[PDB]
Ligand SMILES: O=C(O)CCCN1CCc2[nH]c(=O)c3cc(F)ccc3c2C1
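Presented as structure tokens, the chain that follows is alone, the form deposited without this ligand.
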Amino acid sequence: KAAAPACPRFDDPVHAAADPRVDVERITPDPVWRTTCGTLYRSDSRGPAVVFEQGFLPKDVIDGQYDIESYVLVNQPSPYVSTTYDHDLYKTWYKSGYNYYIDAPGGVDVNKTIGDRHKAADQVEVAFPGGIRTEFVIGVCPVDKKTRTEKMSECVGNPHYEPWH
């Protein structure tokens, strides 16, 4: 065994963005950026044939909801792609077909940015402004809806994943 090293840090806080038109100055409140580099997760019903080709693009970088609290509590079209620190959050997301595995720098740590007292705090979210390029999507495991478990023999790695640390 070895003690883990610190994480590489990019000067650009939206280095990972799949849509670089995102306007970081429009983020409210002042974002607290994630500085760790552990695996993150995303429940999504969209299939890996799509996500592995385009990454995770956000719904609306131009006119979407740039306020983090508004976005996490009301879910309007936004510049953000939500992810979570919690590998098991898929169990609460009923009917989501897939648990995506992500290795991406940055992202806005939601609970560090707006506190942990709001109703979405248990989602321990990290919001990626501009989304997430496919090179930072490790892979995916399909979810069995009736037992809320991963179909681990059916996990698939993203051929485009590029390890960076």
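Start at 1 and count along the sequence shown; that's the residue number.
Form deposited with this ligand bound: not shown, discussed below.
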In the bound PDB entry, the residue from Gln65, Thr134, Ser43, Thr113 with a non-hydrogen atom within 4.5 Å of this ligand is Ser43
At the 4.5 Å heavy atom threshold, is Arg26 in contact with this ligand in the bound PDB entry? no
Go through 81-110 residue by residue and record those having a heavy atom within 4.5 Å of this ligand in the bound PDB entry; state none if no residue qualifies. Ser82, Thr83, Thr84, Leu89, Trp93
